[PDB]
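S.K.: Below you will find the structure I want to go over with you.
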Amino acid sequence: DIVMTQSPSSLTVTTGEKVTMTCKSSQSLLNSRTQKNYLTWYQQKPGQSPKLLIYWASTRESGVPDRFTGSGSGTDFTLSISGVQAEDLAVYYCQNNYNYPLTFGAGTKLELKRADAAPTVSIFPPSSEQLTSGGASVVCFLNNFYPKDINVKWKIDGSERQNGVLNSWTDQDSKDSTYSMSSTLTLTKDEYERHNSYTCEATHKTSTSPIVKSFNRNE
Amino acid sequence: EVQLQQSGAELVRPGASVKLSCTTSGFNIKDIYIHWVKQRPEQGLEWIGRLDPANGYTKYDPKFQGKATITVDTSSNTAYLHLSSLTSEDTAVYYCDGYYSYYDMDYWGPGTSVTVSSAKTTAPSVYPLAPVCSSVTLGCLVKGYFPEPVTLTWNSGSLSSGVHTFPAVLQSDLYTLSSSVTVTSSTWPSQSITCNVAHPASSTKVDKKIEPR
């Protein structure tokens, strides 16, 4: 088996910058015959299927932009993006097309760096269809922050609750490099009605004092 | 638009086996060499095997030879992956792909998510999230479903700007997901907002309109 090895594993660049990644073959991919180096590069964006970028070490397929460029021959190959863009955030794979099995290198994750920005917070009381079902979920969305570290606290009439809280982040936005997070707390239809003031509190470098959003069960 | 289409998430009990399928759309299978690729959760890509629809010869990773089998039905322009004696390690999204000269383009299918487990499939409850009594943001909650994935979109594809979907989380061995959408405030509730959710593995679909509260 040829053993494809990629590096670095991840790379923090700035929109605008110009990156270079490596893919080293453990045996030669160069065809004497044809004088083609059988190396391909795929790009996989979050939640999407891989997309081909370049066959034979440098031909670029139909539609692939030319900020992408693949040089190299033999056992050392590199890919470069120049003036990387928000939409270039993804995992880049390199694969062997020389001999079987056609093995894939392990990835190069391309994360983006950017201006700090504060969450936007919103909160939603449980909903009639759910209460009926006799369950209650309070959701709070914190969207478009950067950096990704944020702390959300839920308070019921002023006390903090940790049990029944699911948090979750989106990946950097492909359009603004930002993150989004959603916190949802599940109570019984009872626990729900026992109280009236629910508060979602987020803490983030962006502010000095917590962003707080609240609601009153009756209203 | 030439495209490759695939089958539709499934849950299979350990020890059983599944037949995933991959059809061409607006071109013909004999015109390409079809590959199959596995991708495990958070893992990287693994080539499984490749097929030649002209002769029917298939070639694999020695690694998958005893579990994998590619077959083709050149008459219905469909290739197939029959995985057998399934395990936990067989839980992944499986893609099918092929280079097509004429378009100078490698078409990839959308993947077919296979979950190996003895749990039961349970369809989601979806709930519309209206705001509390310029821009106003809404959301949908998809709750208590298994196995993944679910497809959630708004105004069935229209409204796609400033939409955010959150990766699903487990808890009870059921998943929960939510998505929010921020729009300009004239829009709602002038122009109606609808959250469309589909859970392939249980073949259920749901439309929920977000009305004001």
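Each protein sequence line maps, in turn, to chains A and B.
Residue numbers for the first sequence follow the working numbering, beginning at 64 and rising by one.
Residue numbers for the second sequence follow the working numbering, beginning at 39 and rising by one.
The C-beta atom is built at its ideal place from N, Cα and C for all residues, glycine as well.
Measuring alpha carbon to alpha carbon, tell me which residue in B:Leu121, B:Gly104, B:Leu176 and B:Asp211 is nearest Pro185 of chain B.
M.R.: Taking the second sequence and counting its residues from 1, the one referred to as residue 185 of chain B is at position 147. When each option's Cα is compared against that of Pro185 of chain B, the closest is B:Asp211.
S.K.: Scan the region 48-89 of chain B and note each continuous beta strand (DSSP E) run of 3 residues or more that stays entirely inside, going in chain order.
M.R.: Qualifying beta strand (DSSP E) stretches, in chain order: 48-50, 56-63 and 72-77.
S.K.: Just list the residues that DSSP pairs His258 of chain A with in beta bridges.
M.R.: The sequence position of residue 258 of chain A within the first sequence is 195, counting from 1. DSSP output for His258 of chain A lists no bridge partner at all.
S.K.: Closest Cβ-Cβ distance between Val180 of chain B and chain A: below 8 Å?
M.R.: As a position in the second sequence, residue 180 of chain B is number 142, starting the count at 1. It does not; no Cβ of chain A falls within 8 Å.
S.K.: Measuring only the C-alpha atoms, how far is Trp226 of chain B from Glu39 of chain B?
M.R.: Numbered from its first residue, the second sequence carries residue 226 of chain B at position 188. Numbered from its first residue, the second sequence carries residue 39 of chain B at position 1. Between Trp226 of chain B and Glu39 of chain B, the C-alpha separation is close to 34 Å.
S.K.: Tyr71 of chain B and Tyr133 of chain B look like a contact to me (Cβ under 8 Å); what is the Cβ gap, rounded to whole Å?
M.R.: Counting from one through the second sequence, the residue named residue 71 of chain B turns up at place 33. Counting from one through the second sequence, the residue named residue 133 of chain B turns up at place 95. Contact doesn't hold; Cβ gap of about 15 Å is too wide.
S.K.: Along the region 89-121 of chain A, what residues have a CB closer than 8 Å to any CB found in chain B?
M.R.: Answer set for the region 89-121 of chain A: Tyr105, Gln107, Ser112, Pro113, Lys114, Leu115 and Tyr118.
S.K.: Between which residues of its own chain and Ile248 of chain B is the CB-CB distance below 6 Å, once the five residues before and five after are set aside?
M.R.: Taking the first residue of the second sequence as 1, we reach residue 248 of chain B at position 210. Excluding sequence neighbours, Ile248 of chain B sits near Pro166, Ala168, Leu176 and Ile231.
S.K.: Determine, using beta carbons only, whether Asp90 of chain B comes closer than 8 Å to chain A.
M.R.: By one-based count along the second sequence, residue 90 of chain B stands at place 52. So, not an interface residue.
S.K.: By the 7 Å beta-carbon criterion, what residues does the region 202-228 of chain A contribute toward chain B?
M.R.: Cβ contacts with chain B: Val202, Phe204 and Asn206.
S.K.: Could you round the C-beta distance between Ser246 of chain A and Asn230 of chain A to whole angstroms and report it? I think they count as a contact, below 8 Å.
M.R.: For the purposes of this step, residue 246 of chain A is taken as residue 183 along the first sequence, with counting starting at 1. For the purposes of this step, residue 230 of chain A is taken as residue 167 along the first sequence, with counting starting at 1. The pair is a contact, with the Cβ atoms about 5 Å apart (cut-off 8 Å).
S.K.: So, do the region 248-260 of chain A and the region 97-108 of chain B have three or more beta carbon pairs nearer to each other than 8 Å?
M.R.: Result no; under three Cβ-Cβ pairs closer than 8 Å.
S.K.: Establish whether the CB of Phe187 of chain A and some CB of chain B are separated by less than 8 Å.
M.R.: Position 124 of the first sequence, counted from the start, is the residue given in the question as residue 187 of chain A. Closer than 8 Å to some Cβ of chain B, the Cβ of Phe187 of chain A qualifies, so yes.
S.K.: Less than 8 Å between the beta carbons of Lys243 of chain B and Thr214 of chain B, yes or no?
M.R.: As a working mapping, residue 243 of chain B is identified with position 205 in the second sequence. As a working mapping, residue 214 of chain B is identified with position 176 in the second sequence. Taking 8 Å as the Cβ cut-off, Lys243 of chain B and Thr214 of chain B do not qualify as a contacting pair.
S.K.: Would you call the CB atoms of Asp139 of chain A and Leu173 of chain A closer than 8 Å?
M.R.: Taking the first residue of the first sequence as 1, we reach residue 139 of chain A at position 76. Taking the first residue of the first sequence as 1, we reach residue 173 of chain A at position 110. Result no, Cβ atoms of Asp139 of chain A and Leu173 of chain A do not sit closer than 8 Å.
S.K.: Can you list the residues of chain A that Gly94 of chain B reaches, using a CB-CB cut of under 8 Å?
M.R.: As a first step, residue 94 of chain B is located in the second sequence; it is residue number 56 there, counting from the start. None at all; the shortest Cβ gap to chain A is about 17 Å.
S.K.: Among A:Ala181, A:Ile144, A:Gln111 and A:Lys108, which one has its Cα closest to the Cα of residue 315 of chain A?
M.R.: Coverage of chain A is limited to positions 64 through 282, which leaves residue 315 of chain A absent and any answer about it impossible.
S.K.: How far does the alpha helix (DSSP H) with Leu194 of chain A in it reach, from first residue to last?
M.R.: Working through the first sequence from its first residue, we reach residue 194 of chain A at position 131. Per DSSP, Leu194 of chain A belongs to the alpha helix (DSSP H) from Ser191 to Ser196.
S.K.: Do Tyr183 of chain B and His120 of chain B come within 8 Å of each other at the CB atom, strictly closer than that value?
M.R.: Here residue 120 of chain B is taken as the residue at index 82 of the second sequence, counted from 1. Here residue 183 of chain B is taken as the residue at index 145 of the second sequence, counted from 1. It is not a contact, given that the beta carbons lie outside the stated cut-off.
S.K.: Going along the chain, which residues of the region 149-181 of chain A sit with their C-beta nearer than 8 Å to a C-beta in chain B?
M.R.: Going along the region 149-181 of chain A in chain order, one finds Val154, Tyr156, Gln158, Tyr163, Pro164, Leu165, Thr166, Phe167, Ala169 and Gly170 with a Cβ nearer than 8 Å to chain B.
S.K.: Note down, in chain order, each residue of its chain lying with its Cβ closer than 7 Å to the Cβ of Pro189 of chain A, except the 5 sequence neighbours on either side.
M.R.: As a position in the first sequence, residue 189 of chain A is number 126, starting the count at 1. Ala199, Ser200, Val201 and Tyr255.
S.K.: Quick one: which chain A residues come within Cβ less than 8 Å of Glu84 of chain B?
M.R.: In the second sequence, the residue the question calls residue 84 of chain B occupies position 46. Those are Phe167, listed as they occur along chain A.
S.K.: So, does the region 206-223 of chain A touch the region 262-271 of chain A, judging by three or more C-beta pairs under 8 Å?
M.R.: The answer is yes - the region 262-271 of chain A touches the region 206-223 of chain A, with three or more Cβ pairs under 8 Å.
S.K.: Can you tell me which of the three DSSP states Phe167 of chain A falls into?
M.R.: Residue numbering aside, residue 167 of chain A sits at position 104 when the first sequence is read from its first letter. The answer is strand: DSSP assigns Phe167 of chain A an E or B state.
S.K.: Can you look up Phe131 of chain A in the DSSP assignment and give me helix, strand or coil?
M.R.: For the purposes of this step, residue 131 of chain A is identified with residue 68 of the first sequence, where counting begins at 1. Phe131 of chain A: coil per DSSP, three-state reduction.
S.K.: DSSP beta-bridge partners for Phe184 of chain B?
M.R.: Within the second sequence, residue 184 of chain B is the residue found at index 146, counting from 1. Paired residue(s): B:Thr160.
S.K.: Measuring alpha carbon to alpha carbon, tell me which of B:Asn66, B:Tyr140 and B:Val75 ends up nearest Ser125 of chain A.
M.R.: Numbered from 1 along the first sequence, position 62 holds the residue referred to as residue 125 of chain A. That would be B:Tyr140, whose Cα lies nearest to the Cα of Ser125 of chain A.
S.K.: Quick one: residues in its chain with C-beta nearer than 7 Å to the C-beta of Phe65 of chain B, no 5 flanking neighbours on either side, listed in chain order?
M.R.: Start at 1 with the first residue of the second sequence, and residue 65 of chain B comes out as number 27. The residues are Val40 and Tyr138.
S.K.: Confirm, please, whether the CB-CB distance from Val110 of chain B to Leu89 of chain B is below 8 Å.
M.R.: Stepping through the second sequence from its first residue, residue 89 of chain B is reached at position 51. Stepping through the second sequence from its first residue, residue 110 of chain B is reached at position 72. Contact: yes.
S.K.: Using a Cβ-Cβ cutoff of less than 6 Å, which residues in the same chain neighbour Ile186 of chain A once the five nearest sequence positions on both sides are dropped?
M.R.: Position 123 of the first sequence holds residue 186 of chain A. So the list reads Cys203, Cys263, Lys276 and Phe278, once near-sequence residues are dropped.
S.K.: Say whether chain B places a C-beta atom closer than 8 Å to the C-beta of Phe131 of chain A.
M.R.: In the first sequence, the residue the question calls residue 131 of chain A occupies position 68. Taking Cβ atoms only, chain B never reaches closer than 8 Å to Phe131 of chain A, which makes this a no.
S.K.: Which residues, in order along the region 49-67 of chain B, keep a beta-carbon less than 7 Å from a beta-carbon of chain A?
M.R.: Answer set for the region 49-67 of chain B: empty.
S.K.: So which residues on chain B does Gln193 of chain A lean against when the C-beta distance must stay under 7 Å?
M.R.: Here residue 193 of chain A is taken as the residue at index 130 of the first sequence, counted from 1. Neighbours of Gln193 of chain A on chain B, chain order: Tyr165.
S.K.: If you run the structure through DSSP and keep just helix, strand and coil, what is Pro188 of chain A?
M.R.: Start at 1 with the first residue of the first sequence, and residue 188 of chain A comes out as number 125. Coil.
S.K.: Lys81 of chain A and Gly146 of chain A: beta carbons closer than 8 Å?
M.R.: Locating residue 81 of chain A in the first sequence gives position 18, where the first residue counts as 1. Locating residue 146 of chain A in the first sequence gives position 83, where the first residue counts as 1. Contact: yes.
S.K.: Starting from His120 of chain B and walking both ways along the beta strand (DSSP E), at which residues does that stretch end?
M.R.: The residue you call residue 120 of chain B lines up with position 82 of the second sequence. Where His120 of chain B is concerned, the enclosing beta strand (DSSP E) stretches over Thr116 to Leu121.
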